[PDB]
Amino acid sequence: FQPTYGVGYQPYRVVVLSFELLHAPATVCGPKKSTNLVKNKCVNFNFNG
Amino acid sequence: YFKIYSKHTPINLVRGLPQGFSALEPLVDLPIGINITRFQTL
Ligand SMILES: *[C@@H]1O[C@H](CO)[C@@H](O)[C@H](O)[C@H]1NC(C)=O
């Protein structure tokens with residue numbers, strides 16, 4: 001690998017992410033987004049699922 | 001899921017288990033997901 005190479009010969013770092021589901025409890029979960037709490041109103045709450 | 005429940009009690013009894021009631025609070029829940037059939041005290 002030399003810096004003066006062509007774009008088809010320049011080094012490329014590749015990261016491959018493999019996602020599998022197994023019978024074990026799934027623990028790599030995506031981030032959960034939380035809103036500004038509103039009190040004293042009839043709202044739909046989803047505390048901790 | 002490995003559930004560990006714990007309770008700490010101040011006692012002054014010499015030899016045996018005191019007679020009484022104390023509910024064990026949950027200490028930790030670990031998602032270890034492994035088979036356990038035998039255990040050892042250290
Ligand atoms: C756990 O281990 C015991 C003894 O090795 C075995 O009989 C049992 O089938 C195992 N269970 C699982 C879910 O692997």
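Residues numbered from 1 in each chain as written, not as in the entry; some residues may be left out. Chains lettered and ligands numbered in written order. Part of a larger assembly, values for the part shown. Heavy atoms only, no water.

Draft legend 1. Spatial organisation of the overall build of chain A. Within chain A, the regular secondary structure consists of zero helices and zero strands. Across its three principal axes, chain A shows a C-alpha extent of roughly 65 × 30 × 10 Å. Classification of the 49 residues of chain A by burial places 0% in the buried group. (Helix = DSSP H or I, 4+ residues; strand = E, 2+ residues; numbered from the N terminus. Buried < 20%, exposed > 50% of the residue type's maximum accessible area, 1.4 Å probe, protein only.)

Draft legend 2. Seen up close, unusual backbone geometry. Residues and elements named next belong to chain A. Located in the positive-phi region is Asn40, a residue other than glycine, with phi close to 65°. The backbone phi angle of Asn48 is positive, close to 50°, even though this residue is not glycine. With relative accessibility at 86%, the residue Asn48 sits in the exposed group.

Draft legend 3. Up close: the packing of aromatic side chains. All names here are of chain A. Evaluated as defined, the whole model comprises two aromatic pairs over all chains. When the ring of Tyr5 is compared with that of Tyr9, the centres are 6.4 Å apart and the planes differ by 85°; the resulting orientation is edge-to-face. Note on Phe45 and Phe47: the rings are 6.2 Å apart at their centroids and 55° apart in plane angle, and the pair reads as tilted. Per residue, the accessibility class of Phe45 equals that of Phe47, and both read exposed. (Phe/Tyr/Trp six-rings, centres within 6.5 Å; stacked < 30°, edge-to-face > 60°.)

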